[PDB]
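Source file: work_26.cif (mmCIF, N, CA and C atoms)
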data_input
#
loop_
_atom_site.label_atom_id
_atom_site.label_comp_id
_atom_site.auth_asym_id
_atom_site.auth_seq_id
_atom_site.Cartn_x
_atom_site.Cartn_y
_atom_site.Cartn_z
N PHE K 347 47.29 -123.35 128.47
CA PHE K 347 48.71 -123.09 128.27
C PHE K 347 49.41 -122.75 129.58
N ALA K 348 50.63 -122.25 129.48
CA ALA K 348 51.41 -121.88 130.66
C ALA K 348 51.75 -120.39 130.65
N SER K 349 51.90 -119.82 131.84
CA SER K 349 52.23 -118.40 131.97
C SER K 349 53.46 -118.04 131.14
N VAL K 350 53.78 -116.75 131.09
CA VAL K 350 54.92 -116.28 130.33
C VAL K 350 56.17 -116.20 131.21
N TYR K 351 55.96 -116.05 132.51
CA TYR K 351 57.06 -115.96 133.46
C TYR K 351 57.48 -117.31 134.00
N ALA K 352 56.65 -118.33 133.88
CA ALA K 352 57.06 -119.71 134.14
C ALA K 352 56.62 -120.54 132.95
N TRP K 353 57.39 -120.49 131.88
CA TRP K 353 57.01 -121.18 130.66
C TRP K 353 57.13 -122.67 130.89
N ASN K 354 56.55 -123.44 129.99
CA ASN K 354 56.76 -124.86 130.20
C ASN K 354 57.99 -125.33 129.46
N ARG K 355 58.32 -126.60 129.60
CA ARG K 355 59.48 -127.13 128.89
C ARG K 355 59.29 -128.62 128.69
N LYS K 356 58.88 -129.01 127.49
CA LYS K 356 58.69 -130.42 127.15
C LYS K 356 59.92 -130.85 126.35
N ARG K 357 60.47 -132.01 126.67
CA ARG K 357 61.66 -132.47 125.98
C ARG K 357 61.26 -133.58 125.04
N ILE K 358 60.84 -133.22 123.84
CA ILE K 358 60.57 -134.21 122.82
C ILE K 358 61.81 -135.06 122.63
N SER K 359 61.62 -136.34 122.35
CA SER K 359 62.72 -137.29 122.34
C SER K 359 62.54 -138.22 121.14
N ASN K 360 63.27 -139.33 121.14
CA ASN K 360 63.29 -140.29 120.03
C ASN K 360 61.89 -140.60 119.52
N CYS K 361 61.64 -140.29 118.27
CA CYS K 361 60.30 -140.28 117.68
C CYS K 361 60.47 -140.08 116.18
N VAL K 362 59.33 -139.92 115.50
CA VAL K 362 59.27 -139.62 114.08
C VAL K 362 58.54 -138.27 114.01
N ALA K 363 59.29 -137.19 113.81
CA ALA K 363 58.71 -135.85 113.79
C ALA K 363 58.41 -135.43 112.37
N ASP K 364 57.20 -134.93 112.16
CA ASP K 364 56.73 -134.51 110.84
C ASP K 364 56.40 -133.02 110.89
N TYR K 365 57.42 -132.20 110.68
CA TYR K 365 57.21 -130.76 110.70
C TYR K 365 56.42 -130.26 109.51
N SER K 366 56.00 -131.14 108.61
CA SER K 366 55.18 -130.67 107.50
C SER K 366 53.76 -130.39 107.94
N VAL K 367 53.18 -131.25 108.78
CA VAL K 367 51.84 -131.00 109.30
C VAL K 367 51.81 -129.68 110.06
N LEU K 368 52.94 -129.30 110.64
CA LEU K 368 53.04 -127.98 111.22
C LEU K 368 53.15 -126.92 110.14
N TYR K 369 54.22 -127.01 109.35
CA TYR K 369 54.55 -126.04 108.31
C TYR K 369 53.47 -125.63 107.31
N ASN K 370 52.52 -126.51 107.04
CA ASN K 370 51.48 -126.20 106.08
C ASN K 370 50.11 -126.06 106.70
N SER K 371 50.02 -126.00 108.03
CA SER K 371 48.71 -126.02 108.65
C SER K 371 47.96 -124.72 108.46
N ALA K 372 48.64 -123.65 108.07
CA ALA K 372 48.02 -122.39 107.71
C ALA K 372 47.22 -121.78 108.84
N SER K 373 47.19 -122.42 110.00
CA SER K 373 46.52 -121.89 111.16
C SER K 373 47.43 -121.03 112.01
N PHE K 374 48.71 -121.00 111.70
CA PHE K 374 49.70 -120.28 112.49
C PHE K 374 49.88 -118.90 111.91
N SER K 375 49.82 -117.90 112.77
CA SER K 375 50.04 -116.54 112.32
C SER K 375 51.51 -116.21 112.19
N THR K 376 52.40 -116.97 112.82
CA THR K 376 53.82 -116.68 112.73
C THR K 376 54.58 -117.99 112.75
N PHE K 377 55.39 -118.25 111.74
CA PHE K 377 56.21 -119.46 111.70
C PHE K 377 57.58 -119.07 111.17
N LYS K 378 58.49 -118.69 112.05
CA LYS K 378 59.82 -118.29 111.63
C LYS K 378 60.80 -119.37 112.00
N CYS K 379 61.71 -119.69 111.09
CA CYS K 379 62.78 -120.63 111.39
C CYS K 379 64.11 -119.93 111.23
N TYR K 380 65.02 -120.16 112.17
CA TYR K 380 66.25 -119.39 112.22
C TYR K 380 67.48 -120.17 111.86
N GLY K 381 67.78 -121.24 112.58
CA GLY K 381 68.96 -121.99 112.24
C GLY K 381 68.81 -122.65 110.89
N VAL K 382 67.58 -122.94 110.50
CA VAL K 382 67.31 -123.83 109.37
C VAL K 382 65.96 -123.50 108.76
N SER K 383 65.94 -123.28 107.45
CA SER K 383 64.70 -122.96 106.76
C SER K 383 63.70 -124.10 106.92
N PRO K 384 62.40 -123.81 106.87
CA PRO K 384 61.40 -124.78 107.34
C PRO K 384 61.29 -126.04 106.49
N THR K 385 61.41 -125.95 105.17
CA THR K 385 61.10 -127.11 104.34
C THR K 385 62.12 -128.23 104.51
N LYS K 386 63.31 -127.94 105.00
CA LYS K 386 64.35 -128.94 105.18
C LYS K 386 64.36 -129.54 106.57
N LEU K 387 63.28 -129.36 107.34
CA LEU K 387 63.23 -129.96 108.66
C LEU K 387 62.93 -131.45 108.59
N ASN K 388 62.07 -131.84 107.65
CA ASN K 388 61.70 -133.24 107.48
C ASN K 388 62.76 -134.01 106.69
N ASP K 389 64.01 -133.61 106.84
CA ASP K 389 65.12 -134.27 106.15
C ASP K 389 66.40 -134.22 106.97
N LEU K 390 66.26 -133.86 108.24
CA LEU K 390 67.41 -133.77 109.14
C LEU K 390 67.15 -134.51 110.44
N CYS K 391 68.22 -134.80 111.18
CA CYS K 391 68.11 -135.51 112.45
C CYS K 391 68.98 -134.85 113.52
N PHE K 392 68.43 -134.73 114.73
CA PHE K 392 69.16 -134.13 115.84
C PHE K 392 69.22 -135.07 117.03
N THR K 393 69.61 -134.54 118.19
CA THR K 393 69.71 -135.33 119.40
C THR K 393 68.50 -135.12 120.30
N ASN K 394 68.08 -133.86 120.44
CA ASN K 394 66.94 -133.52 121.26
C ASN K 394 66.20 -132.36 120.63
N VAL K 395 64.89 -132.33 120.81
CA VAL K 395 64.07 -131.19 120.48
C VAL K 395 63.42 -130.76 121.76
N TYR Q 396 54.04 -107.31 83.58
CA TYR Q 396 52.91 -108.19 83.77
C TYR Q 396 52.22 -107.80 85.05
N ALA Q 397 50.91 -107.96 85.11
CA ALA Q 397 50.17 -107.68 86.33
C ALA Q 397 49.33 -108.89 86.67
N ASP Q 398 49.56 -109.48 87.83
CA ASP Q 398 48.77 -110.61 88.28
C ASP Q 398 47.84 -110.17 89.39
N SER Q 399 46.64 -110.74 89.41
CA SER Q 399 45.60 -110.26 90.32
C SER Q 399 44.95 -111.44 91.02
N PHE Q 400 44.68 -111.29 92.31
CA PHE Q 400 43.91 -112.31 93.02
C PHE Q 400 43.48 -111.79 94.38
N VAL Q 401 42.87 -112.67 95.17
CA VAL Q 401 42.28 -112.33 96.46
C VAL Q 401 42.68 -113.38 97.48
N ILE Q 402 43.20 -112.96 98.63
CA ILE Q 402 43.63 -113.88 99.67
C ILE Q 402 43.14 -113.39 101.01
N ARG Q 403 43.54 -114.08 102.07
CA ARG Q 403 43.16 -113.67 103.41
C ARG Q 403 43.99 -112.44 103.75
N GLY Q 404 43.85 -111.93 104.96
CA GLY Q 404 44.60 -110.76 105.36
C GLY Q 404 46.01 -111.09 105.79
N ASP Q 405 46.20 -112.22 106.45
CA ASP Q 405 47.52 -112.52 106.97
C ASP Q 405 48.30 -113.46 106.09
N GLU Q 406 47.87 -113.57 104.84
CA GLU Q 406 48.55 -114.39 103.86
C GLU Q 406 49.29 -113.47 102.90
N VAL Q 407 49.30 -112.16 103.17
CA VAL Q 407 50.00 -111.25 102.27
C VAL Q 407 51.49 -111.31 102.50
N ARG Q 408 51.90 -112.01 103.55
CA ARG Q 408 53.31 -112.16 103.88
C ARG Q 408 53.97 -113.24 103.04
N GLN Q 409 53.17 -114.08 102.39
CA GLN Q 409 53.73 -115.14 101.57
C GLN Q 409 53.87 -114.74 100.13
N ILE Q 410 53.45 -113.53 99.79
CA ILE Q 410 53.53 -113.04 98.42
C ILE Q 410 54.81 -112.24 98.20
N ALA Q 411 55.93 -112.94 98.06
CA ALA Q 411 57.22 -112.30 97.84
C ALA Q 411 58.25 -113.29 97.32
N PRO Q 412 59.53 -112.91 97.35
CA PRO Q 412 60.59 -113.81 96.86
C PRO Q 412 61.25 -114.60 97.99
N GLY Q 413 61.22 -115.93 97.90
CA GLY Q 413 61.83 -116.76 98.92
C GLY Q 413 60.92 -116.99 100.11
N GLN Q 414 59.65 -117.24 99.83
CA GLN Q 414 58.67 -117.48 100.88
C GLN Q 414 58.06 -118.87 100.76
N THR Q 415 57.33 -119.29 101.79
CA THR Q 415 56.70 -120.60 101.80
C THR Q 415 55.34 -120.55 102.50
N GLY Q 416 54.49 -121.52 102.20
CA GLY Q 416 53.17 -121.59 102.80
C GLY Q 416 52.14 -122.20 101.87
N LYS Q 417 50.94 -122.43 102.39
CA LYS Q 417 49.86 -123.01 101.60
C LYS Q 417 49.63 -122.21 100.32
N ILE Q 418 49.90 -120.91 100.38
CA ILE Q 418 49.72 -120.04 99.23
C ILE Q 418 50.95 -120.07 98.34
N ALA Q 419 52.12 -119.83 98.91
CA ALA Q 419 53.32 -119.76 98.09
C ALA Q 419 53.78 -121.13 97.65
N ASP Q 420 53.41 -122.18 98.38
CA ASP Q 420 53.82 -123.51 97.95
C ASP Q 420 53.09 -123.91 96.69
N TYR Q 421 51.78 -124.08 96.76
CA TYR Q 421 51.02 -124.36 95.57
C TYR Q 421 49.77 -123.50 95.50
N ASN Q 422 49.94 -122.20 95.26
CA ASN Q 422 48.92 -121.42 94.59
C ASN Q 422 49.56 -120.41 93.66
N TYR Q 423 50.62 -119.76 94.13
CA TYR Q 423 51.25 -118.67 93.40
C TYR Q 423 52.66 -118.48 93.94
N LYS Q 424 53.66 -118.81 93.14
CA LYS Q 424 55.05 -118.77 93.57
C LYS Q 424 55.79 -117.71 92.79
N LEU Q 425 56.53 -116.86 93.49
CA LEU Q 425 57.37 -115.76 93.03
C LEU Q 425 58.82 -116.20 92.92
N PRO Q 426 59.51 -115.95 91.81
CA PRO Q 426 60.88 -116.43 91.69
C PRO Q 426 61.77 -115.79 92.73
N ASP Q 427 62.98 -116.31 92.83
CA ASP Q 427 63.85 -115.88 93.92
C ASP Q 427 64.65 -114.63 93.59
N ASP Q 428 64.63 -114.17 92.34
CA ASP Q 428 65.22 -112.90 91.95
C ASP Q 428 64.18 -111.96 91.38
N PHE Q 429 63.04 -111.86 92.06
CA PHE Q 429 61.94 -111.05 91.59
C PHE Q 429 62.41 -109.64 91.31
N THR Q 430 61.69 -108.94 90.45
CA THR Q 430 62.06 -107.58 90.10
C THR Q 430 60.98 -106.55 90.35
N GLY Q 431 59.72 -106.92 90.38
CA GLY Q 431 58.65 -105.95 90.36
C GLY Q 431 58.30 -105.41 91.72
N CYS Q 432 57.01 -105.16 91.92
CA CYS Q 432 56.48 -104.70 93.19
C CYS Q 432 55.18 -105.41 93.50
N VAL Q 433 54.85 -105.47 94.78
CA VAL Q 433 53.68 -106.16 95.27
C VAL Q 433 52.81 -105.14 95.96
N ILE Q 434 51.53 -105.07 95.59
CA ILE Q 434 50.60 -104.09 96.13
C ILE Q 434 49.40 -104.82 96.68
N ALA Q 435 48.88 -104.36 97.81
CA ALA Q 435 47.78 -105.07 98.44
C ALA Q 435 46.94 -104.11 99.26
N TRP Q 436 45.63 -104.30 99.21
CA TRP Q 436 44.75 -103.45 100.00
C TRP Q 436 43.54 -104.22 100.47
N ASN Q 437 43.01 -103.81 101.61
CA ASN Q 437 41.87 -104.50 102.20
C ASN Q 437 40.62 -104.25 101.39
N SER Q 438 39.78 -105.27 101.30
CA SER Q 438 38.56 -105.16 100.53
C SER Q 438 37.42 -105.84 101.24
N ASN Q 439 37.26 -105.58 102.53
CA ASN Q 439 36.24 -106.30 103.28
C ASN Q 439 34.84 -106.01 102.78
N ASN Q 440 34.57 -104.78 102.38
CA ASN Q 440 33.20 -104.41 102.06
C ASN Q 440 32.75 -104.92 100.70
N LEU Q 441 33.68 -105.22 99.81
CA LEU Q 441 33.34 -105.67 98.47
C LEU Q 441 33.20 -107.18 98.36
N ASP Q 442 34.04 -107.94 99.05
CA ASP Q 442 34.15 -109.36 98.79
C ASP Q 442 33.52 -110.22 99.86
N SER Q 443 33.24 -109.68 101.03
CA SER Q 443 32.68 -110.46 102.11
C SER Q 443 31.21 -110.18 102.25
N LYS Q 444 30.40 -111.23 102.32
CA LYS Q 444 28.96 -111.07 102.44
C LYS Q 444 28.39 -111.75 103.68
N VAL Q 445 27.24 -111.26 104.13
CA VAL Q 445 26.58 -111.82 105.31
C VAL Q 445 26.19 -113.27 105.07
N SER O 939 128.37 -139.29 106.50
CA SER O 939 127.83 -140.54 107.00
C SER O 939 127.47 -140.48 108.48
N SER O 940 128.02 -139.54 109.23
CA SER O 940 127.78 -139.47 110.66
C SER O 940 126.62 -138.55 110.99
N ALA O 944 123.62 -131.58 108.05
CA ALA O 944 124.53 -130.82 107.19
C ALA O 944 123.83 -130.37 105.90
N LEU O 945 122.82 -131.12 105.48
CA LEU O 945 122.00 -130.71 104.35
C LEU O 945 120.79 -129.92 104.81
N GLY O 946 121.01 -128.94 105.67
CA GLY O 946 119.91 -128.13 106.15
C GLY O 946 119.32 -127.20 105.13
N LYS O 947 120.12 -126.71 104.18
CA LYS O 947 119.58 -125.83 103.16
C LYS O 947 118.65 -126.57 102.21
N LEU O 948 118.87 -127.86 102.00
CA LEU O 948 117.93 -128.63 101.20
C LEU O 948 116.72 -129.06 101.99
N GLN O 949 116.89 -129.33 103.28
CA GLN O 949 115.78 -129.69 104.14
C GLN O 949 114.82 -128.53 104.34
N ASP O 950 115.32 -127.30 104.39
CA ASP O 950 114.46 -126.17 104.66
C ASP O 950 113.49 -125.89 103.52
N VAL O 951 113.90 -126.07 102.27
CA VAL O 951 112.96 -125.79 101.19
C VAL O 951 111.89 -126.86 101.12
N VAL O 952 112.22 -128.10 101.47
CA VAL O 952 111.18 -129.13 101.58
C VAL O 952 110.20 -128.79 102.70
N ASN O 953 110.72 -128.45 103.88
CA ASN O 953 109.87 -128.13 105.01
C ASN O 953 108.95 -126.95 104.73
N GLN O 954 109.46 -125.88 104.12
CA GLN O 954 108.63 -124.71 103.85
C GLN O 954 107.46 -125.04 102.94
N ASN O 955 107.71 -125.79 101.87
CA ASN O 955 106.64 -126.15 100.96
C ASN O 955 105.60 -127.03 101.62
N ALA O 956 106.01 -128.02 102.42
CA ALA O 956 105.04 -128.84 103.13
C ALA O 956 104.25 -128.06 104.17
N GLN O 957 104.90 -127.17 104.91
CA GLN O 957 104.20 -126.33 105.87
C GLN O 957 103.19 -125.42 105.20
N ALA O 958 103.44 -125.00 103.97
CA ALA O 958 102.45 -124.17 103.28
C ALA O 958 101.30 -125.00 102.73
N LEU O 959 101.60 -126.17 102.17
CA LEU O 959 100.53 -127.02 101.67
C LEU O 959 99.62 -127.50 102.78
N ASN O 960 100.14 -127.68 103.99
CA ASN O 960 99.28 -128.10 105.08
C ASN O 960 98.39 -126.97 105.56
N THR O 961 98.93 -125.76 105.65
CA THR O 961 98.12 -124.61 105.98
C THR O 961 97.03 -124.36 104.96
N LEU O 962 97.26 -124.69 103.69
CA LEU O 962 96.20 -124.53 102.70
C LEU O 962 95.03 -125.47 102.96
N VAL O 963 95.30 -126.73 103.30
CA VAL O 963 94.23 -127.68 103.54
C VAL O 963 93.55 -127.43 104.87
N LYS O 964 94.30 -127.03 105.89
CA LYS O 964 93.70 -126.75 107.18
C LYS O 964 92.77 -125.55 107.17
N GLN O 965 92.71 -124.81 106.08
CA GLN O 965 91.78 -123.70 105.98
C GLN O 965 90.42 -124.12 105.45
N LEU O 966 90.29 -125.35 104.98
CA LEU O 966 89.02 -125.87 104.49
C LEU O 966 88.10 -126.23 105.65
N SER O 967 88.50 -125.89 106.86
CA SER O 967 87.69 -126.18 108.03
C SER O 967 87.57 -124.96 108.92
N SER O 968 87.45 -123.79 108.32
CA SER O 968 87.14 -122.57 109.05
C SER O 968 85.85 -122.01 108.50
N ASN O 969 85.10 -121.31 109.36
CA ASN O 969 83.80 -120.78 108.98
C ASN O 969 83.91 -119.47 108.24
N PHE O 970 84.86 -118.62 108.63
CA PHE O 970 84.95 -117.24 108.17
C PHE O 970 83.68 -116.47 108.46
N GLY O 971 82.94 -116.85 109.49
CA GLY O 971 81.68 -116.19 109.79
C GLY O 971 80.50 -116.80 109.08
N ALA O 972 80.34 -118.11 109.22
CA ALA O 972 79.21 -118.82 108.66
C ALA O 972 78.74 -119.82 109.70
N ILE O 973 77.66 -120.53 109.39
CA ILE O 973 77.12 -121.46 110.36
C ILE O 973 77.91 -122.75 110.45
N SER O 974 78.53 -123.19 109.37
CA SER O 974 79.43 -124.33 109.44
C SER O 974 80.51 -124.17 108.38
N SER O 975 81.30 -125.23 108.22
CA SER O 975 82.36 -125.29 107.22
C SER O 975 82.02 -126.24 106.09
N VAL O 976 80.84 -126.84 106.11
CA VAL O 976 80.45 -127.87 105.17
C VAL O 976 79.34 -127.32 104.30
N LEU O 977 79.45 -127.52 102.99
CA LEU O 977 78.39 -127.06 102.11
C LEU O 977 77.17 -127.97 102.17
N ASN O 978 77.36 -129.24 102.54
CA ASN O 978 76.23 -130.13 102.74
C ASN O 978 75.50 -129.86 104.05
N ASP O 979 75.99 -128.93 104.86
CA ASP O 979 75.27 -128.49 106.05
C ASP O 979 74.58 -127.15 105.87
N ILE O 980 75.07 -126.31 104.97
CA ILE O 980 74.31 -125.11 104.64
C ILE O 980 73.26 -125.41 103.59
N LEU O 981 73.47 -126.44 102.77
CA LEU O 981 72.45 -126.87 101.83
C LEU O 981 71.47 -127.87 102.44
N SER O 982 71.44 -128.02 103.76
CA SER O 982 70.51 -128.93 104.40
C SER O 982 69.69 -128.28 105.50
N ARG O 983 70.14 -127.17 106.07
CA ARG O 983 69.32 -126.47 107.06
C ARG O 983 69.18 -125.00 106.70
N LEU O 984 69.01 -124.72 105.41
CA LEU O 984 68.75 -123.36 104.96
C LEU O 984 68.10 -123.45 103.59
N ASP O 985 67.14 -122.57 103.36
CA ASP O 985 66.53 -122.48 102.05
C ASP O 985 67.43 -121.69 101.11
N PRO O 986 67.30 -121.91 99.80
CA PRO O 986 68.25 -121.33 98.84
C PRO O 986 68.45 -119.83 99.01
N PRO O 987 67.42 -119.04 99.34
CA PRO O 987 67.69 -117.61 99.53
C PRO O 987 68.57 -117.30 100.73
#
Here is the file; what I need is its structure written in the form of structure tokens.
Amino acid sequence: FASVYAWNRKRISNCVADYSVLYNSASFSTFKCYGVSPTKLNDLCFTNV
Amino acid sequence: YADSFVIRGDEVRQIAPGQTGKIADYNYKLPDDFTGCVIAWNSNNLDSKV
Amino acid sequence: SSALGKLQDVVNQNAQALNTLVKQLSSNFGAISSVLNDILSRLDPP
């Protein structure tokens, strides 16, 4: 991974994102969503992630 | 009503109203206007074996 | 043919109020957007 004082920054771009494989992986100890509740991610489209 | 079960330690956060996860999605779902209380305690010595 | 301001004013007042009513359908009042199809698309029901 990358340090905390120089974090990394990847600019995901035009693709097919499946936040369900994330959302249900049960391997994550913390999964908070703020602007938008998690289950509605696989039904929206943005400009950049 | 009293419902009883056993889960991992860090899955106790999905046992409430308006939650999501492998547990709350399809194992045990709490309505969004729940009324009762949720109680949980560690049981490592009883349920885990060598 | 070349004065009806009292009749023009009551027309103008009513139109100015009806426009202010519709122009309020695009304020947040302290929400994330002004569209219900945008709060029902990036938020869970709770």
- Give as a list in words every residue of chain O that touches chain K within 6.5 Å, counting all atoms listed in the file. residues 982, 983, 984 and 985 of chain O
- In chain K, what's helix (DSSP H, G or I) per DSSP? Answer as a VMD selection string? chain K and resid 365 to 369 384 to 389
Can I get the selected residues back with N, CA and C atoms, as a PDB file, keeping the file's coordinate frame?
ATOM      1  N   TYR K 365      57.420-132.200 110.680  1.00  0.00           N
ATOM      2  CA  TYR K 365      57.210-130.760 110.700  1.00  0.00           C
ATOM      3  C   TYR K 365      56.420-130.260 109.510  1.00  0.00           C
ATOM      4  N   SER K 366      56.000-131.140 108.610  1.00  0.00           N
ATOM      5  CA  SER K 366      55.180-130.670 107.500  1.00  0.00           C
ATOM      6  C   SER K 366      53.760-130.390 107.940  1.00  0.00           C
ATOM      7  N   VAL K 367      53.180-131.250 108.780  1.00  0.00           N
ATOM      8  CA  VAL K 367      51.840-131.000 109.300  1.00  0.00           C
ATOM      9  C   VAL K 367      51.810-129.680 110.060  1.00  0.00           C
ATOM     10  N   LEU K 368      52.940-129.300 110.640  1.00  0.00           N
ATOM     11  CA  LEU K 368      53.040-127.980 111.220  1.00  0.00           C
ATOM     12  C   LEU K 368      53.150-126.920 110.140  1.00  0.00           C
ATOM     13  N   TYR K 369      54.220-127.010 109.350  1.00  0.00           N
ATOM     14  CA  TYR K 369      54.550-126.040 108.310  1.00  0.00           C
ATOM     15  C   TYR K 369      53.470-125.630 107.310  1.00  0.00           C
ATOM     16  N   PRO K 384      62.400-123.810 106.870  1.00  0.00           N
ATOM     17  CA  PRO K 384      61.400-124.780 107.340  1.00  0.00           C
ATOM     18  C   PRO K 384      61.290-126.040 106.490  1.00  0.00           C
ATOM     19  N   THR K 385      61.410-125.950 105.170  1.00  0.00           N
ATOM     20  CA  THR K 385      61.100-127.110 104.340  1.00  0.00           C
ATOM     21  C   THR K 385      62.120-128.230 104.510  1.00  0.00           C
ATOM     22  N   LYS K 386      63.310-127.940 105.000  1.00  0.00           N
ATOM     23  CA  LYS K 386      64.350-128.940 105.180  1.00  0.00           C
ATOM     24  C   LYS K 386      64.360-129.540 106.570  1.00  0.00           C
ATOM     25  N   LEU K 387      63.280-129.360 107.340  1.00  0.00           N
ATOM     26  CA  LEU K 387      63.230-129.960 108.660  1.00  0.00           C
ATOM     27  C   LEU K 387      62.930-131.450 108.590  1.00  0.00           C
ATOM     28  N   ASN K 388      62.070-131.840 107.650  1.00  0.00           N
ATOM     29  CA  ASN K 388      61.700-133.240 107.480  1.00  0.00           C
ATOM     30  C   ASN K 388      62.760-134.010 106.690  1.00  0.00           C
ATOM     31  N   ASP K 389      64.010-133.610 106.840  1.00  0.00           N
ATOM     32  CA  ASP K 389      65.120-134.270 106.150  1.00  0.00           C
ATOM     33  C   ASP K 389      66.400-134.220 106.970  1.00  0.00           C
TER      34      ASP K 389
END
- Could you tell me which residues the PyMOL selection byres ((chain K and resi 364-377) around 6) grabs in this file, written as a list in words? residues 362, 363, 378, 379, 387 and 388 of chain K; 416 and 417 of chain Q
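Reported to one decimal place, the separation of CA of residue 957 in chain O from CA of residue 976 in chain O is 23.8 Å.
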- Radius query 8 Å about (65.1, -115.8, 100.3), atoms used: all atoms listed in the file, as a ChimeraX atom specification: /Q:411-414,427 /O:985-987
Six-sided padding of 4 Å per side, axis-aligned box over range 944-956 of chain O, centre and edges in Å, one decimal, as AutoDock Vina command-line options:
--center_x 114.4 --center_y -128.1 --center_z 104.5 --size_x 28.3 --size_y 14.9 --size_z 15.1
List, as a JSON list (two decimals) with N, CA and C atoms, in the coordinates of the input, every residue that the PyMOL selection byres ((chain K and resi 394) around 6) selects in the file provided.
[["chain", "number", "residue", "atom", "x", "y", "z"],
["K", 358, "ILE", "N", 60.84, -133.22, 123.84],
["K", 358, "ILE", "CA", 60.57, -134.21, 122.82],
["K", 358, "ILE", "C", 61.81, -135.06, 122.63],
["K", 359, "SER", "N", 61.62, -136.34, 122.35],
["K", 359, "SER", "CA", 62.72, -137.29, 122.34],
["K", 359, "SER", "C", 62.54, -138.22, 121.14],
["K", 392, "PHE", "N", 68.43, -134.73, 114.73],
["K", 392, "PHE", "CA", 69.16, -134.13, 115.84],
["K", 392, "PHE", "C", 69.22, -135.07, 117.03],
["K", 393, "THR", "N", 69.61, -134.54, 118.19],
["K", 393, "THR", "CA", 69.71, -135.33, 119.40],
["K", 393, "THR", "C", 68.50, -135.12, 120.30],
["K", 395, "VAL", "N", 64.89, -132.33, 120.81],
["K", 395, "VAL", "CA", 64.07, -131.19, 120.48],
["K", 395, "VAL", "C", 63.42, -130.76, 121.76]]
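Residue-level contacts from chain Q to chain K at 12 Å, counting only C-alpha atoms, read residues 403, 404, 405, 406, 407, 408, 409, 413, 414, 415, 416, 417, 418, 419, 420 and 421 of chain Q.
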Quick one: write out the picked residues with N, CA and C atoms as a short mmCIF file (atom, residue, chain, number, x, y, z; two decimals), in the frame of the given file?
data_model
loop_
_atom_site.label_atom_id
_atom_site.label_comp_id
_atom_site.auth_asym_id
_atom_site.auth_seq_id
_atom_site.Cartn_x
_atom_site.Cartn_y
_atom_site.Cartn_z
N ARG Q 403 43.54 -114.08 102.07
CA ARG Q 403 43.16 -113.67 103.41
C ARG Q 403 43.99 -112.44 103.75
N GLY Q 404 43.85 -111.93 104.96
CA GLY Q 404 44.60 -110.76 105.36
C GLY Q 404 46.01 -111.09 105.79
N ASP Q 405 46.20 -112.22 106.45
CA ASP Q 405 47.52 -112.52 106.97
C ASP Q 405 48.30 -113.46 106.09
N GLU Q 406 47.87 -113.57 104.84
CA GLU Q 406 48.55 -114.39 103.86
C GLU Q 406 49.29 -113.47 102.90
N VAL Q 407 49.30 -112.16 103.17
CA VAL Q 407 50.00 -111.25 102.27
C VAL Q 407 51.49 -111.31 102.50
N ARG Q 408 51.90 -112.01 103.55
CA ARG Q 408 53.31 -112.16 103.88
C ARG Q 408 53.97 -113.24 103.04
N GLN Q 409 53.17 -114.08 102.39
CA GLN Q 409 53.73 -115.14 101.57
C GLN Q 409 53.87 -114.74 100.13
N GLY Q 413 61.22 -115.93 97.90
CA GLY Q 413 61.83 -116.76 98.92
C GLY Q 413 60.92 -116.99 100.11
N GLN Q 414 59.65 -117.24 99.83
CA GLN Q 414 58.67 -117.48 100.88
C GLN Q 414 58.06 -118.87 100.76
N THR Q 415 57.33 -119.29 101.79
CA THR Q 415 56.70 -120.60 101.80
C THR Q 415 55.34 -120.55 102.50
N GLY Q 416 54.49 -121.52 102.20
CA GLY Q 416 53.17 -121.59 102.80
C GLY Q 416 52.14 -122.20 101.87
N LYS Q 417 50.94 -122.43 102.39
CA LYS Q 417 49.86 -123.01 101.60
C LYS Q 417 49.63 -122.21 100.32
N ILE Q 418 49.90 -120.91 100.38
CA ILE Q 418 49.72 -120.04 99.23
C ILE Q 418 50.95 -120.07 98.34
N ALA Q 419 52.12 -119.83 98.91
CA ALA Q 419 53.32 -119.76 98.09
C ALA Q 419 53.78 -121.13 97.65
N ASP Q 420 53.41 -122.18 98.38
CA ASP Q 420 53.82 -123.51 97.95
C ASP Q 420 53.09 -123.91 96.69
N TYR Q 421 51.78 -124.08 96.76
CA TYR Q 421 51.02 -124.36 95.57
C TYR Q 421 49.77 -123.50 95.50
#
- Message: So the first atom is CA of residue 398 in chain Q and the second is atom N of residue 444 in chain Q; what is the distance between them in Å, to one decimal place?
- Response: 23.1 Å
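Atom C of residue 963 in chain O is positioned 20.0 Å from atom C of residue 950 in chain O.
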For range 958-962 of chain O, which lacks atoms in the input, supply N, CA, C and O atoms and format the output as a CSV table (one decimal), keeping the file's coordinate frame.
chain,number,residue,atom,x,y,z
O,958,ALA,N,103.4,-125.0,104.0
O,958,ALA,CA,102.4,-124.2,103.3
O,958,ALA,C,101.3,-125.0,102.7
O,958,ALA,O,100.1,-124.6,102.8
O,959,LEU,N,101.6,-126.2,102.2
O,959,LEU,CA,100.5,-127.0,101.7
O,959,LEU,C,99.6,-127.5,102.8
O,959,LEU,O,98.4,-127.7,102.5
O,960,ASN,N,100.1,-127.7,104.0
O,960,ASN,CA,99.3,-128.1,105.1
O,960,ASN,C,98.4,-127.0,105.6
O,960,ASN,O,97.2,-127.2,105.9
O,961,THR,N,98.9,-125.8,105.6
O,961,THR,CA,98.1,-124.6,106.0
O,961,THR,C,97.0,-124.4,105.0
O,961,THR,O,96.0,-123.9,105.3
O,962,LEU,N,97.3,-124.7,103.7
O,962,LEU,CA,96.2,-124.5,102.7
O,962,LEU,C,95.0,-125.5,103.0
O,962,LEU,O,93.9,-125.1,102.8
